[PDB]
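Chemist: give me coordinates for this.
(chains A, B, C, D, E, F, G and H)
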8 protein chains.
Amino acid sequence: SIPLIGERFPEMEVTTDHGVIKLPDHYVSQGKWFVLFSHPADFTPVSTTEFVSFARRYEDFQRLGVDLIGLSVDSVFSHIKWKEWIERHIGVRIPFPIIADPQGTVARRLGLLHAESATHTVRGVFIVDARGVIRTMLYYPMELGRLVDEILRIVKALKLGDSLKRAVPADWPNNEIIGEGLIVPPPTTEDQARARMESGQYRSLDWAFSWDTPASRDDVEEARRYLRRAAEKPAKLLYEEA
Amino acid sequence: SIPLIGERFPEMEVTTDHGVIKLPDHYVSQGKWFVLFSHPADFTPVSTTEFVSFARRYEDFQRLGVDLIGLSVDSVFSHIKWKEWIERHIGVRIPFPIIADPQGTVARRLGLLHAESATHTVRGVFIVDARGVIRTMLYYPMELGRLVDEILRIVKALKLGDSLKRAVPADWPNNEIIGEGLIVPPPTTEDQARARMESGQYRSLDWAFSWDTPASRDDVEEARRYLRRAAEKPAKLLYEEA
Amino acid sequence: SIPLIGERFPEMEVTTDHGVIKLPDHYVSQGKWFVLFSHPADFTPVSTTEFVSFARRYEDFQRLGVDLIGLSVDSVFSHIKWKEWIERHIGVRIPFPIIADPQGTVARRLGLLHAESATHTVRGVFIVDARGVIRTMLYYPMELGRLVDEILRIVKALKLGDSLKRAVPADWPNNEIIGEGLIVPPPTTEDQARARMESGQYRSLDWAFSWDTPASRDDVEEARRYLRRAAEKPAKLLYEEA
Amino acid sequence: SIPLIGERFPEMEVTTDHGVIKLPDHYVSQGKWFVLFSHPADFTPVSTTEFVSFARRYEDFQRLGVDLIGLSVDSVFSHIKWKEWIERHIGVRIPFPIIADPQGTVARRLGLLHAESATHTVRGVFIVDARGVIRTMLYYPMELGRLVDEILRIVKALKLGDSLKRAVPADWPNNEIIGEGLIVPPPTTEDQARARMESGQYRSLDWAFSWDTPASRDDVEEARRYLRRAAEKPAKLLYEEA
Amino acid sequence: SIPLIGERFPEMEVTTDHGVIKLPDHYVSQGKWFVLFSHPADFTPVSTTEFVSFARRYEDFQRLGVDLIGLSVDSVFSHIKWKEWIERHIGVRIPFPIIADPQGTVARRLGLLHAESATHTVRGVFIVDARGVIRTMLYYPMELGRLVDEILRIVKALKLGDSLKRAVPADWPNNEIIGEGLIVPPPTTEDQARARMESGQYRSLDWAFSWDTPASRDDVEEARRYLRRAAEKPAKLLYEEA
Amino acid sequence: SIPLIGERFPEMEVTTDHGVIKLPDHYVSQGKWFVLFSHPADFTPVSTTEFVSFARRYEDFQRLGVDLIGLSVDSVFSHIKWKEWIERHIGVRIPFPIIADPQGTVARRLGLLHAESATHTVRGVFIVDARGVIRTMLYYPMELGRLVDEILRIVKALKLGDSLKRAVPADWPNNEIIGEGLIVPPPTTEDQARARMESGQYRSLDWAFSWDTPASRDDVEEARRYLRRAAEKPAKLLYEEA
Amino acid sequence: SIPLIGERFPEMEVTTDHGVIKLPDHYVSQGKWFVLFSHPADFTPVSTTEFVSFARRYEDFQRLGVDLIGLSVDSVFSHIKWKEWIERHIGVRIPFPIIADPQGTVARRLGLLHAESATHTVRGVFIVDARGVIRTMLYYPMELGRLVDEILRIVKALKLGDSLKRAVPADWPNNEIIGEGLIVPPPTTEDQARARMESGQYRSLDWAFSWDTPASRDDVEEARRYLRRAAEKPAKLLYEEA
Amino acid sequence: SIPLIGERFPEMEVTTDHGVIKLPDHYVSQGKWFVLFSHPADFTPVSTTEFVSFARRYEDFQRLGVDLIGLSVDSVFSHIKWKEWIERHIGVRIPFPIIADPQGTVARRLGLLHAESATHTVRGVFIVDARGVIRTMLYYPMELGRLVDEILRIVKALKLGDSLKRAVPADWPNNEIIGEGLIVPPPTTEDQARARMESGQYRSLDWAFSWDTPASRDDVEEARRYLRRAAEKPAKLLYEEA
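Modeler: Numbers count the residues shown, from 1 in each chain, chains lettered A, B, ... in the order given. See the structure here:
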């Protein structure tokens, strides 16, 4: 019953600070991806930096046709107080909803209670496509905040693999073997292995290792932009102007 | 039962292409962290790119005091043929062991059989500390290779949080609020909140949000290096050199 | 529900290095017998000798209307590398498919996990006729290759038995008592025992032991050819021409 | 618990036409191997041909240190009548005992009731070593007699494999690749594979496929004798002196 | 579960040395009573004496409209061998069938496995009328043969009692109180007891004990012939003619 | 459990018109056999004639060291009333006790409730030796009185078999093959069968059929006297002396 | 279901010495009440005295429209014998039937087996009205005979209560407070209580305690007759004319 | 669990309007019998008449060494109000305690809840001796008051039966057969039957029916007084002096 990559997102009605919605239907029916992420508790500092990081990247997620939804065991009233504090003290509207899960119904159903806290959810991330299918899951602990630019690279890389019918190498678009190359799924039969090594259609190392470069310069560079922002020392910290 | 952040890694004897070892004992004995990661099948191309990416970073993992161990349902024989092919055809030695799990016993024990494949493990990652405790868990799918520099960032940041007694903000060491600043865990009582507010000893936005910058230049530059490697187009591609 | 002589081969879809097929239907509806045989692991040396042995005798099986199909817990990728290696280094194509059973689904269903290995199948043999019925079952251990010419003698003897409505004596067609004689099924009633004895139709030792010699010379000599190949020192060892 | 290769032969007291004995203890205490084989019913003609075939080879089994013991659901009285009939009519004394199993207690325990007959046992074979471990198992049907010379070859090849620490290739001692060579068990680690590739102590095709020729002339000629006898038309048939 | 007097004989298909029959329908359809009796084993000497005694009395059973069917755990092959031996060596043909019950299916259904032997049935007798109803059941042990003249008396006595609507006194037709008299079933009410005491219809000791003599001279002399044959030392012994 | 030949008589305390006793202890502890028999109901006419038959035969049972105990569902009060009535109207004392079993505890324990009556026991017979072991069981119906002389023959013959180490042929001591001969237990092994035929100690038909005449003339004539009494017309009927 | 006052008498078919009847149907269909009473065993002396006492009051029961049925575990034959003996030796015919309950089926259903006897029913009384409803239940022990005139007082007093819609005081018709007075069912509401004490319709001690004298002289004398009979020493004892 | 004649009264702690007592120990300890009797509800008219009737016979019960104790589901407060109303309005002190059983705990344990009322207890009577064994149980309904003189007769008759070792006939001491005669327990064995009929110590009708007159003239007249009081039309009704 615990959610697995390849499964449809568990059917459920949830309460947010925007209202009552059905997952994943509410996002499927709009042909949108969504990223559901959880944090241990409202007003906790790592969780605040993470809400700000998501909010700075809102436009980036909207350009990929991805919506954001948060999750904690706090009240809708705590969610509203907290979003008002972020907008007033750091100067950033949190435009996306947070799910209010006080009895841990959503937390338990998605397996978000681990051994570090009996009461507060882990830093779970569920990347869910427009078919409502779980494509990737990450579990960060209390003491460590997420690298949000990796969540963007994942959705970007996944959307390209879907459209170009390709697999995505390690560290794409900066793969040490094939750089921005995308991988052709390997042959699973003797006939297909022979047809692959005879066609000369694709660069190869092997019958099992064929790739080409069918991603646009724009898609490659947008994906590299996300990691560049992750590696850049910030221009001006938001604590200075606060 | 399913492995969770904060639990000791489940006791098990596993067969690797280096021999039989007890997890997590084999690494705890040595005071070493370990990253156990899994891949669907030997000789699959994304998996090849990930093994090369890990092997390129072996030395970076060793300096942090982290050992690596792979996991698929292939035989020790398939593991030895595959590693010799990567060394011969790519010029890269895989120095770390791979667990062989032909009946999916380790796969089932670690819940690495997700819904994309009935027979092959997901791209799972378990980051385990020198005490044998699960600290973080990632689940990438078949079609998407991992960003290994993020795994390095995770270990660096966690080891930093452990020794400096701090929580790590989103996108550390490039957080948009506090940059390379590290967070003081928040008050949990009225007296702690009043004492925090009054002390003046730490930069703060609120009783809940206090930080400082105790990380050495070398600690920060090290984390910065990992993300710069993640963001830069490689100098030359390994497919060209062969 | 574990498999027994006289039972229909268990209904199942299996993945091979030729594609996905339904057993036993794929062979039944072509009007063909199949020998399903299993080996512990791809690249293992006794297993190589046995693939080479089966391949050498491929024409002999096709003359009997028998298809061959292998099984190990290895990937479809390991099968392709393994067969490629045998063809290139020994100089023999393996023309017949191998089932890939990485999670042991097919192994457990056919009882091929014995006590020498928790992970790898015994050297199992299921001889299945054109109706889809198990006719014979052999189980060899890891340390001992099969005598494939006995599998030829068994199919040939069963097919004669079926065709001429006879039973086949020990060591046919070199039985010490009746040589190339085939055996009449014994009477099961007083009346049939009396009739058989007042008959003079067949050579008898007794009302329960009647036989004739209705096998063609071709069929006797073909069966004896299998055994002579088994007894004969080879003219040149394939290791030499490599 | 249906018996498996590498398991201890199930503990049991059985009644034979020589008396009550405990298996496997009665053969283990003598440092003797035993072949337990079963037949459907006393006085059936294939079964008769098989007892004569075993009896003629009895001396061959004795020289290997193998004892024989039969099995049907018939009474000790039927066993005595049948053996006295064979000795009188065919001129061959059956020297080895037969288990009498009227309620099918031993048949059920050993799983020897298959779907050709509700009431009569298949032609099962259990090759058990001097430590009482099941080493090989064969299941022949009602309509097909055994090739007894294969059972001598299995035992000879197993005792060679045990005492020379070797695995036996397909169709030994007439293997098409290495003839009478015995296979050195493959490496299961990177270190062991490189050490074997470097030592040049054995002929090899591969780090996984090393062999030598340590079986004596007598060992090889003995095995070839079994297969030669299986291949040759008998010098004169026994039915002639009825 | 265990069969009782007044119950239909359990529905079953049995295999005999005359072929396959349903009990009790095979006899019910012919209008025939039957006696099913069991013996421990073919070729056992008390069992031989019983078959010979039953054969001797076969005409007597047939005249009563009674067929005989035997039962043991031996094969049809043992049944034909034994009956052949009885005919050649004692000069007596066994005309009736014997059930073959090698897995004790019939024996266990009929409760014929007692504690003298785990594998061989007792000397059970089932007397079944033409409606297929069990009328009487006897159980003799291994060491003691049946008095077959008592089974003829039981059948004759039941048939007389059935047609005359009478009950049959101890030791009929030589009862010490009423001789060859048959008993009127007693009154079960006050009125019936008053009516019997008043009628004058029957010789009475009591309202509960009335009898008349409605059996024919022939019926009584038939029953005396059975007991006469039982008491008299045979004129010549059949061992003398062997 | 339902009682079986070769088992110890079920342990049970019973009430009789002589007092409370344990079975079979009451008779074992005196070194005495017993015949336990059951009748449907006190005052029923067939049951009356059977009590009279047993009483007349009482001295014959005493001479064999056999005690008699009856059984019905009636009261100890009904037993005394019934025995007094038999004594006054037939002039025959019933010397042996009757068990009272009003709730059918004894009836259900000994399986004496068959399908002819839900409330009254069949005419059951249990012949129990001085070790308290059941040697024979008879089940006569409501409508048919027992032949009590066959119960004396059974006990006499069991005691001779026991005392002489012999088995007793059909209809002893008037067996058609060997007359008053007793049978030697058959050989159960090849060596015993060979030694049996080498001996010449016994008249044989066969290695399986040997006999001698070891019973005294007095034992034979006593046995024949029982059957002669059974076959004799009574000299004067007890109803005539009412 | 242990029977309760106010419940319908349990549906059952019972056998008596008059034939087979359905309770309570057989009485309900006549508009008759019935007293079913049980005794431990026929021929027991208290039981004899109770049967005479009931018989003696038969016509009083007939005048009240009440029939009588007895119950013991003895047979119908013991019932007839016993009723004959009472009539012959005491000069009182028992007109009413007795249920025969040999396997204690009726005894168990009605809970008549208490702890003085494991095998004989208590002296139980079920007073059942013309609707088949249990109205009163009495349980006397083995050693104490009933006072039958109290059972007459119960049926008389219930019929007056049902008919005149009244309750009956203790010791009616000689109650110390209101004598032959019958009680008005009390108010169960405040309105009824106030209404009762206003109307002056009835003699009263209290709103809860109201009574009148609606029973006829004849019904009161009858009830006084039953208790006068219970109190008076009989002039002529029945033993004195036996 | 439900209480039976011959069983010890169930162990229980009860609360009464005199305090908390253990039953039956509180009456066993004093060597006293007790009559536990129940009534539906305090203030109900029939129940009032029964309490008055017990209270007026209190002296008689104390002479027999019998204590009285009531039971209803009313509270102790209701018991005290009720007893005080009876004493003030009828002039009769209730000296004995009443059990308060408001959750039906006693009522349920004693089976006092029948189908006439779901909430109120029937008119149960438990007569319990100085060993605390139940000797007699009576169940009267709501609409009908008890005849208390009969409870007196029962205790007297039982006490006499016990000390004179005798059974008590129907309607003692006015039995129609033997008047105040008491009954010798019947013989239960043949020897006891014929000794009884040979002794001549007892007046007899039968071996089963013996009696004498060992009860004192006082004992008989005291028992007869109880029944005379029951039969007497009252001198002065207590309502005429309320």
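Chemist: in chain A, what residue comes closest to chain H?
Modeler: residue A:103 (35.8 Å; CB to the nearest CB). Placement of C-beta: from N, CA and C, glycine included.
Chemist: what's the nearest residue to that residue if we skip its chain neighbours?
Modeler: residue A:73 (8.0 Å; CB to CB, 6 or more residues apart in numbering or on different chains).
Chemist: that older thread, count the neighbours of the residue of chain A closest to chain H for me.
Modeler: 8 (other CB atoms under 10 Å in any protein chain shown).
Chemist: now residue A:53
Modeler: Neighbours of residue A:53 (other CB under 10 Å): 22.
Chemist: can you name the next helix or strand after the helix or strand where it lies?
Modeler: Element membership for residue A:53 (DSSP states H and E) is helix A:45-56. Downstream of helix A:45-56, the first helix or strand assigned by DSSP H and E is helix A:58-63.
Chemist: who's in contact with that next one?
Modeler: A:35, A:54, A:67, A:68, A:95, A:96, A:152, A:155, A:226 (CB atoms under 8 Å, 6 or more residues apart in numbering or on different chains).
Chemist: and residue A:13, helix, strand or coil?
Modeler: With DSSP: H, G, I helix; E, B strand; the rest coil as the basis, residue A:13 sits in strand.
Chemist: okay, the residue positioned nearest the centre of chain A and residue A:16: tell me how far apart.
Modeler: Ranked by distance to the mean C-alpha position of chain A (CA atoms, centre = their mean), the top residue is residue A:151 at 3.7 Å. To residue A:16, residue A:151 is 20 Å away according to CB to CB, to the nearest Å.
Chemist: tell me which element the residue lying farthest from the centre of chain A is part of?
Modeler: Most distant from the centre of chain A: residue A:198, at 39.0 Å, with distances by CA atoms, centre = their mean. In this structure, residue A:198 sits in helix A:190-199 according to DSSP H and E.
Chemist: show me what counts as buried in that helix.
Modeler: A:190, A:192, A:193, A:196 (16 or more other CB atoms under 10 Å in any protein chain shown).
Chemist: just give the closest residue to whichever residue of chain A sits closest to chain D, not the sequence neighbours.
Modeler: Per CB to the nearest CB, the residue of chain A with the smallest distance to chain D is residue A:206, at 18.7 Å. Closest residue in space to residue A:206, ignoring its immediate chain neighbours: residue B:89 at 6.8 Å, by CB to CB, 6+ apart.
Chemist: surely the one you found is in a strand?
Modeler: No - read with three-state DSSP, residue B:89 is helix and lies in no strand.
Chemist: ok so, going back, I'd like the distance between the residue of chain A closest to chain D and chain G.
Modeler: Distance, residue A:206 to chain G, by CB to the nearest CB, to the nearest Å: 81 Å.
Chemist: in this structure the residue nearest to residue A:103 contacts residue A:105, no?
Modeler: No - in this structure residue A:73 lies outside contact range of residue A:105 using CB atoms under 8 Å: 9.5 Å.
Chemist: in the helix holding residue A:53, what counts as buried?
Modeler: Buried, per 16+ other CB under 10 Å, within helix A:45-56: A:45, A:46, A:47, A:48, A:49, A:50, A:51, A:52, A:53, A:54, A:55, A:56.
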